[PDB]
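Residue numbers (the entry's author numbering): 2 to 335.
Built from N, CA and C at the ideal position, the CB exists for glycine as well.
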Ligand SMILES: CC(=O)Nc1nnc(-c2ccc([N+](=O)[O-])cc2)s1
């Protein structure tokens with residue numbers, strides 16, 4: 002008896018009803034810009050499969066960010082490009098401004114708009130209750146848009162949400178793990194940062210969907226309103242699930258496993274032990290209480306659910322009373 006299959010309860014067939022060339026990124030033909038339009042200024046980061054630089058566009062003197070892709074698979078490069086082009090112009094989605102090659106060595110690089118981001122080590126220390134609601138609503142706009150366009154981000158975490166606080170500007174970045182959703186497809190569960198991985202990933206349930214992004218978003222919310230980053234801090238993947246179960250409780254965890262007929266490694270029942278479901282108020286103290294409200298806790302509680310089918314969609318989340326003051330303030334023209 003294998004696990005019970007699952008499909009997304011919204012936007013299930015968005016790619017099915019779109020032309021092949023929308024989601025078939027291997028057939029995409031890239032049109033290359035000019036590498037000599039950009040000058041690299043300083044290395045911002047490196048990880049993975051790329052190195053990221055602040056750069057200048059020397060045709061107009063604008064700052065941009067250049068990500069040079071190490072020789073990671075061609076297929077992964079075309080997937081990220083196709084997804085960035087598909088989502089371009091969507092709300093709070095980082096803009097891919099150019100794609101270039103070294104003409105001689107054939108090394109590809111993505112060029113993005115620059116975000117002057119307030120460093121997420123600090124920021125989270127002057128953000129008000131209103132600020133959090135505002136930025137959460139903007140993140141939800143981006144997720145509802147990319148989900149509605151048939152795409153899962155799969156790496157939602159504070160490092161991938163750039164915020165230029167003085168311009169109240171937010172961009173969702175690093176689409177290198179993002180994938181097209183197709184119902185019934187079994188996906189790689191090695192995505193997302195450990196601290197933001199959903200239960201589906203940690204119990205190796207491969208037929209997941211957009212709702213994975215909503216778990217990750219719930220983790221960010223908790224860490225922002227309770228001022229504890231990351232909120233669920235496991236020392237490896239097994240322990241990550243234990244940290245979740247110490248809050249959400251083991252009873253609902255086993256009901257989840259039971260519903261999808263999922264088989265856990267023997268050692269898990271050993272280290273998961275037995276834990277009550279805690280009240281969210283347990284994490285409210287003098288220092289974070291100004292960021293917490295009944296609305297906030299009701300919202301968080303509908304995001305952080307084991308069962309991926311029972312979590313709010315991005316759209317439903319934007320309807321939540323937590324955002325009432327944001328939404329009325331954002332209804333304009335100028
Ligand atoms: C000061 C500073 O860090 N500015 C930045 N502005 N946009 C950035 C960026 C955009 C996209 C990606 N990406 O998508 O992988 C990475 C980084 S970084």
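When secondary structure is reduced to three states using DSSP, residue 59 falls in the coil class, being assigned neither helix nor strand. Taking the Cβ atoms as the reference, residue 146 lies roughly 24 Å from residue 226, outside the contact range of under 8 Å.
In the three-state reduction of the DSSP assignment, residue 46 falls in the strand class.
Going by DSSP, residue 260 is part of the alpha helix (DSSP H) stretching over 251-261. Judged by the Cβ position, residue 53 qualifies as a neighbour of ligand 1 at the 7 Å threshold, a heavy atom of the ligand being closer than this. The shortest CA-to-CA distance from residue 264 to any of 215, 207, 314, 278 is the one to 207. Between residue 245 and residue 295, the C-beta spacing is not below 8 Å.
For residue 299, the CB stays at least 7 Å from every heavy atom of ligand 1. In this structure residue 42 does not touch residue 261 by the C-beta definition: roughly 49 Å separates them, more than the 8 Å allowed.
No heavy atom of ligand 1 is found nearer than 7 Å to the CB of residue 101. Secondary structure at residue 334: coil, using DSSP grouped into helix, strand and coil.
Between ligand 1 and the CB of residue 192, the shortest heavy atom gap is not smaller than 7 Å. With fewer than 16 other Cβ atoms inside 10 Å of its own Cβ, residue 62 counts as exposed. Just measuring C-alpha positions, the residue of 284, 286, 78, 157 sitting nearest residue 30 is 78.
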